[PDB]
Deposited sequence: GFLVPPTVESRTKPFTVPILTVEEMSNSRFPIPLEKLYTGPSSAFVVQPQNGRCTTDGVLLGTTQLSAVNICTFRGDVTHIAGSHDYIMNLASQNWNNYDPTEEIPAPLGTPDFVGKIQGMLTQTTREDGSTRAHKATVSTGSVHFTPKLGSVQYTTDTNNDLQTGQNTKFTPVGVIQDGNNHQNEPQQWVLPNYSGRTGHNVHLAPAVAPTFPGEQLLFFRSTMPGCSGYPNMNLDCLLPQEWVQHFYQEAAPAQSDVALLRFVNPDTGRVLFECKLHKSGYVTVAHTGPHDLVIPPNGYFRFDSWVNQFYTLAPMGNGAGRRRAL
């Protein structure tokens, strides 16, 4: 099958690491960071890696029952059935993949009356009570029956300023009980001139001076597209050109490594300047020795 990327504009896409839309394109120096994101990890061939699942709305949500202590939720699977700690994944597909406090809201229904309730609730993925893999997560909930399906819908990050969140620091899915399992390989631009092309959004902040940025390596729909299509990597890198349908002109080119990350020939930071109508286009499969035309 022939390879393609979706004709979606950045603003028409969604961040694969938090349920919010993409806002911009950005690139900066990697060196000092880790870049082990587990969400938004997909082989361009179609292979989902890490904790990556297809739904953009289920990223960072948690379902299950809860028991009052601030509150512990014995996790269930997205579809509300039993959690299987057996699978060979880092944690439930869609689990958060950075260390931080995520404010949201807990909601439950009592199968009995049609009765319902809702309360604010936060979750620190740094806390040693953040054990998704093992099957339980603790909410520092800022009246909650047991044996009743509870759901957590994420909203933003409530986080000395800018310190949290720690976007490139992976939480411990098994917490204290053990190291992380079956992680997606870490990313780093290898070629000389090149740097990494991120896909940034701004997680809403919910109280405090949090570092609201959030970069992802692949848009949620690229993940959804490689999954459907499953186009053979007729090469180890795919040359992408970011076109503009208004002027009909190419702005910059970039590298889509079949592994699942994007690199752009640039040194130093830069909030990528682009036309709201521009989108990426698959031109050709190239060797990893292909030097890219510099970026703006």
Compared with the full deposited sequence, the modelled chain skips 1-12, 82-85, 159-161, 179-181, 319-327
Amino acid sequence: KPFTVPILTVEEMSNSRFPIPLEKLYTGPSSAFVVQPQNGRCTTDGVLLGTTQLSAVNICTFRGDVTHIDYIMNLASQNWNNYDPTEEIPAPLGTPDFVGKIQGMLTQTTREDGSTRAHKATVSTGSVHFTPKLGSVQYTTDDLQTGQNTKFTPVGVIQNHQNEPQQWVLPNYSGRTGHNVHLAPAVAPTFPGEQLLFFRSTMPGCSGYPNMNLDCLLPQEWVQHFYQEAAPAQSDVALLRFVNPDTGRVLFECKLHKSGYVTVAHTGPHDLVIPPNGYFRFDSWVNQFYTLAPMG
From here on, numbers count along this sequence of modelled residues.
Per the PDB record, is the mean Cα temperature factor higher over 204-212 or over 92-100? 204-212
Stretch with higher mean Cα temperature factor, 243-251 vs 47-55, is 243-251
Which of these, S77, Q166, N149, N172, has its C-alpha atom at the highest B-factor, as the entry lists it? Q166
When the entry's CA B-factors for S136, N160, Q220, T153 are compared, the highest one belongs to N160
Would the CA B-factor of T27 place it in the lowest, middle or highest third of its chain? middle
Looking at the temperature factor on the CA atom of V10, which third of the chain's modelled residues does it land in? lowest
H179, C-alpha B-factor rank within chain (lowest, middle or highest third): middle
How does the C-alpha B factor of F199 compare with the rest of the chain: lowest, middle or highest third? lowest
With respect to C-alpha B-factor, does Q108 fall in the lowest, middle or highest third of the chain as deposited? highest
